[PDB]
Amino acid sequence: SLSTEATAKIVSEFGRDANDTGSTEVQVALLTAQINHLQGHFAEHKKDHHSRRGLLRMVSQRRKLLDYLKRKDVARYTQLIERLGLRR
Amino acid sequence: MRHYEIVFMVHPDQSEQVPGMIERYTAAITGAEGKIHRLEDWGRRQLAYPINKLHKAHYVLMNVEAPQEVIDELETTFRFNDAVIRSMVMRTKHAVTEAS
Amino acid sequence: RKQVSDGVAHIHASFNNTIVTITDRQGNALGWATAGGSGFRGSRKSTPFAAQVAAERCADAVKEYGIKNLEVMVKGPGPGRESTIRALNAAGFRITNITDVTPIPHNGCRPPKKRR
Amino acid sequence: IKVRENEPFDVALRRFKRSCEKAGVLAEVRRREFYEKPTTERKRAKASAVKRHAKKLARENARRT
Amino acid sequence: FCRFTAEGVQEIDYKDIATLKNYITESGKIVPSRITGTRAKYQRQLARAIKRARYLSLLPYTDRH
Amino acid sequence: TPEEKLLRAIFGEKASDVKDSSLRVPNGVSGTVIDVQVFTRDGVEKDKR
RNA sequence: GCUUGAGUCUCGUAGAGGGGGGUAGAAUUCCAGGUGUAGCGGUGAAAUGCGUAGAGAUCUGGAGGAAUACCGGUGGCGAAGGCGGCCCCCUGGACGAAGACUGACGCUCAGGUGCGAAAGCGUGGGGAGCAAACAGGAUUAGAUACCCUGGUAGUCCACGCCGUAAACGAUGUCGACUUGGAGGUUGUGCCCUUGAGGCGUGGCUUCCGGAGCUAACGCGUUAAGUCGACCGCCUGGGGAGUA
RNA sequence: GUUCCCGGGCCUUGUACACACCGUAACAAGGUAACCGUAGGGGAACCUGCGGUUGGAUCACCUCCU
């Protein structure tokens, strides 16, 4: 269930506080962190007709979150894609 | 790092040389991050069903604090030791101290 | 023969048959008795009265051996299990202990099938 | 499972055997599996199991017979 | 109604089996969460621990094989 | 009670039978126990004290 | 720009949830050995088969194979389908005490994509039990039909294809609102958890009822009650959910 | 004395019935409960195996503990 002493390091970087993980720039990164440790499962085992609903779920959530940041703050979005590299 | 509760057993034959075998396993833990919580010695108490012939085995509980990748290979050793016939490793949670 | 005192009478009652097989603790059988080997072909084998006749055919063929403090190891709660253990305690036997040694399966394999 | 009692019997005493299961696992491992069956019959069984308690609630309020 | 589940808190262990005798019968049969005045949580966790006590030879399966 | 006869034959041999009817410090006294005169069962010893 | 909407983190729990592999034990088919009998099996009844080439029965050792009695609870997980030993690793989803924020980032659909019990088949292995086609004896005027003994396909492990259902609490989905009781299952906050509890809050599910709907039965905070948003379907039956 | 047997009444359960009880596969539990999905087969209904559901029936007697 998540890797706490890696993700807390992430909120330390992106956040202006330690309690501030409500800003778009920090939350999508914690979401990508989930995906960084999710690759480890979608590489092996092959028969996850259950774990598949998690993929489509968190990817949908992520696609539209960066889809709003794009429509409002291009300052934070271009800095965000340049801060984590979540574009590719 | 992680709290483990390794509970293994041996046959009364190796019961006179298992104390040396406990020094075997606890050697690793000591030199690789570890401290024991409850080393229990019950003796050659009455078993349930005879293990292919003889009953009454020797119970030895550890319940030690050790690293996950060491106990992984350590249970592999239990798997192929002639003293330890059956074992049981746990997850984290609380550490014990009495159990008596 | 065998110099046995511990006559282990394995009473197994399938459904329509009460087959009791007296043996030794080692397995050295002494012989048997059945609700179907005495007659009663039909729903008559299904009756414990035939199982009663069964416990009697088992009460004999042991007067050459000599079972006294016998053990009643029951399995198969079909037609017998009642007027069979009671027939032995009425045939002149001092049962040290009546055992229901049933090594029940966890239904690992698949069993047969009946009444549909 | 194993009944003994050294002397005060004058009877077989197989009452804990029946008090164990007896026909309990007999009726379950003697005939075809058919995985779904018990589920449905426990259905009619459960509704009639609440029915006697519904009869317990049916005897407490009136019965001025 | 008993002074044991009024002092019984947080997962009853699998080491000494003296109190496991107080949930099983002298046959090897377990009592359901309804007879024993104990919430399913507890009667069920005690149970899983007992299967592990079988892999450890504390309690056998049925009495005799 | 019937709701404790059943629970009685489960949670042990002595669940709600043995009570506490000890010999208590006499009501209205405040002193100091100095010596204990004990008499073990004629034939069988006590436990430890 | 601001928050009652959506969402994530700090701090945690439970689970027939899925996945790859390994392992424990009983039973069953069968093999070797000691004992031993003439019956076992089956049905309303008879019979095929086995039997002095010694079956069924009992004890010891054991190799394939599939599946987990008792714990079991109109209980739990999930989009749904579906799914009951244990361990190691991986991991999705649901929920809660107290705070921190961008500030409606929300809902759904033709073409499209993915899951898909069981079955059919191709392929490297397999066959204990049951058992399509079929054979023997009977019920019968007749049996290719209830029954029993055998038995190919299938069942299982891994990769794919046609891509189907009573895939049905028949109740589409996100969400807000609407007197209670018996409860069950899983967490949490407050008070002395002295104690088997008292007061509130979310998820899933069952029964009796008010509001309301209705042909009626009844559903009834999980609605068939009240609205908004998105899609599919119907115009009597059959033809046909087929060429 | 109502447990056997013939006829009768009341209450109750059940029905695709009310024109009203070549082979029985559904309607009483039709003496083998039903239907959908799939493969195969037989003059033919339907049956066999696997998965699901309730658009299914009685829970009345005979032996034991308070």
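Here A:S60 passes the criteria (1) part of a loop (DSSP other than H, G, I, E, B); (2) within 16 Å of the chain's Cα centre (by Cα); (3) polar (S, T, N, Q) except the one numbered (1). Counting only strands (runs of 3 or more DSSP E) that fall entirely inside chain B and contain at least 2 residues that are out of contact with any helix residue (DSSP H, G or I) (no Cβ under 8 Å at 6 or more places or on another chain), the qualifying elements are B:7-10, B:40-43, B:58-61.
Only residues that are farther than 14 Å from C:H10 by Cα, at the interface with chain D (Cβ under 7 Å from one of its Cβ atoms) and charged (D, E, K, R) were counted across the stretch C:77-114, and they come to 4.
Where helices (runs of 4 or more DSSP H) sit wholly within chain D, those with at least 1 residues that are away from RNA strand H (no atom under 11 Å from the Cβ) and either within 14 Å of C:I98 (Cβ to Cβ) or not acidic (D, E) (or both) occupy D:15-18, D:26-29, D:51-56.
Hey, any hits in the stretch C:52-69 for a residue that's more than 10 Å from chain D (Cβ to nearest Cβ) and under 30 Å from D:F34 (Cβ atoms)? Within the stretch C:52-69, none of the residues are more than 10 Å from chain D (Cβ to nearest Cβ) and under 30 Å from D:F34 (Cβ atoms).
Of the residues that make up the stretch A:61-81, is at least one of a type in the set (A, V, I, L, M), out of contact with any helix residue (DSSP H, G or I) (no Cβ under 7 Å at 6 or more places or on another chain) and loosely packed, with under 13 Cβ neighbours inside 10 Å? Yes, that holds for at least one residue.
The set of residues in the stretch B:41-72 being more than 13 Å from every other protein chain (Cβ to nearest Cβ) and either more than 27 Å from B:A28 (Cβ to Cβ) or within 10 Å of RNA strand G (Cβ to nearest atom) (or both) consists of B:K53, B:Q68, B:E69, B:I71, B:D72. Given the structure, is B:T92 in contact with a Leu (Cβ under 9 Å, 6 or more places away or on another chain), farther than 21 Å from E:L59 by Cα and surrounded by fewer than 19 Cβ atoms within 10 Å (Cβ to Cβ)? Criteria not met by B:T92. Is there a residue in the stretch E:27-39 that is loosely packed, with under 15 Cβ neighbours inside 10 Å and facing chain B (nearest Cβ under 10 Å)? Checking the stretch E:27-39: not a single residue is loosely packed, with under 15 Cβ neighbours inside 10 Å and facing chain B (nearest Cβ under 10 Å). Do we find that C:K75 is in a strand (DSSP E or B) and surrounded by fewer than 18 Cβ atoms within 10 Å (Cβ to Cβ) in this structure? Criteria met by C:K75. A search for C-beta distances below 7 Å between a residue of the stretch F:1-18 that is facing another protein chain (nearest Cβ under 7 Å) and any residue that is surrounded by fewer than 11 Cβ atoms within 10 Å (Cβ to Cβ), counting only pairs 6+ apart in sequence or on different chains, returns F:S16/E:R3. For the condition on the phi < 0 side of the Ramachandran plot, touching a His at 6+ places or on another chain (Cβ under 7 Å) and in a loop (DSSP other than H, G, I, E, B), C:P103 qualifies. Entry remark, the stretch C:87-100: residues being of a type outside the set (S, T, N, Q), under 13 Å from D:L13 (Cα atoms) and either assigned to a strand (DSSP E or B) or free of Cβ contacts under 8 Å to residues at least 24 places away in the same chain (or both) number 2 in total. Within the stretch D:23-37, the residues that satisfy the criterion of being more than 7 Å from chain C (Cβ to nearest Cβ) and more than 8 Å from RNA strand G (Cβ to nearest atom) are D:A27, D:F34, D:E36, D:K37. Taking the criterion of being within 13 Å of RNA strand G (Cβ to nearest atom) and not hydroxyl-bearing (S, T, Y), the residues of the stretch C:78-106 that qualify are C:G78, C:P79, C:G80, C:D100, C:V101, C:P103, C:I104, C:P105, C:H106. Against the list (1) within 13 Å of RNA strand G (Cβ to nearest atom); (2) surrounded by 11 or more Cβ atoms within 10 Å (Cβ to Cβ); (3) of a type in the set (G, A, S), the condition D:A47 fails is (2). Within the stretch C:7-25, residues that are within 13 Å of chain D (Cβ to nearest Cβ) have Cβ atoms under 6 Å from residues that are within 16 Å of RNA strand H (Cβ to nearest atom) and of a type in the set (D, E, K, R) in these pairs: C:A13/C:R81, counting only partners at least 6 apart in sequence or on another chain. Applying the condition of being surrounded by fewer than 12 Cβ atoms within 10 Å (Cβ to Cβ) and closer than 23 Å to F:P2 by Cα to the stretch E:1-26 and asking which residue is farthest from RNA strand H (Cβ to nearest atom) yields E:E7.
Please note: Cβ atoms are built from the backbone with ideal geometry, for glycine as well, and neighbour counts cover all protein chains shown. Every number here is computed from the coordinates shown, using simple stated rules; none is lab data.
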